[PDB]
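Residue numbers (the deposited numbering), protein chains in the order written: chain A, 262 to 312; chain G, 364 to 415.
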Amino acid sequence: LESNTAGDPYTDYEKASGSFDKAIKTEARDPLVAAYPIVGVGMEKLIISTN
Amino acid sequence: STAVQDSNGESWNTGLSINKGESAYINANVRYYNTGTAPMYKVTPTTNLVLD
C-alpha cells in the first residue's frame with residue numbers, strides 16, 4: 262500500500278533490484294531494512310592559542 | 364644669589380611589540396599533478412597543514 266516500505270528515498274523495486282546507488286551495503290537490499298547513515302564526529306584534541 | 368642653568372638632552376628609544384596568537388604568517392608553495400586516466404576541470408583540493 263506504500264511505495265517506500267521503509268521510508269528511505271529509494272522505492273521497493275529500486276532497493277530490491279539493486280538499480281540504486283552501488284555504494285550501499287547489501288543489508289539494505291531488501292525493502293524492510295532502511296538505507297540510513299549514522300555519521301558521527303569523534304574529537305581528537307584541541308589546541309589553545311593564548312592571545 | 365642669581366643662577367642660570369642651560370641644558371641639552373638627547374634620547375634614542377627602540378621598541379619591539381609582538382602578539383601571541385597571530386605570531387606568524389606561514390604560506391606554502393605547492394603544485395598539483397595528475398596520474399589517473401581522465402582530465403579534471405576546475406580542480407580544487409582541500410589540504411591539511413600539520414606540524415608534528
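From the three backbone atoms N, C-alpha and C, an ideal C-beta is built for every residue, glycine too.
In this structure, A/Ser264 lies near A/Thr272, with their beta-carbon atoms less than 8 Å apart. Non-local beta-carbon contacts of G/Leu412 in its own chain, meaning distances under 8 Å to residues more than five positions away in sequence, involve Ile389, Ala391 in chain order. Among the CB atoms of chain G, one or more fall inside 8 Å of the CB of A/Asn312.
Membership of A/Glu275 in the alpha helix (DSSP H) is indicated by the continuous run 273 to 278. Approximately 15 Å separates the beta-carbon atoms of A/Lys276 and A/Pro298; this is outside 8 Å, ruling out the contact.
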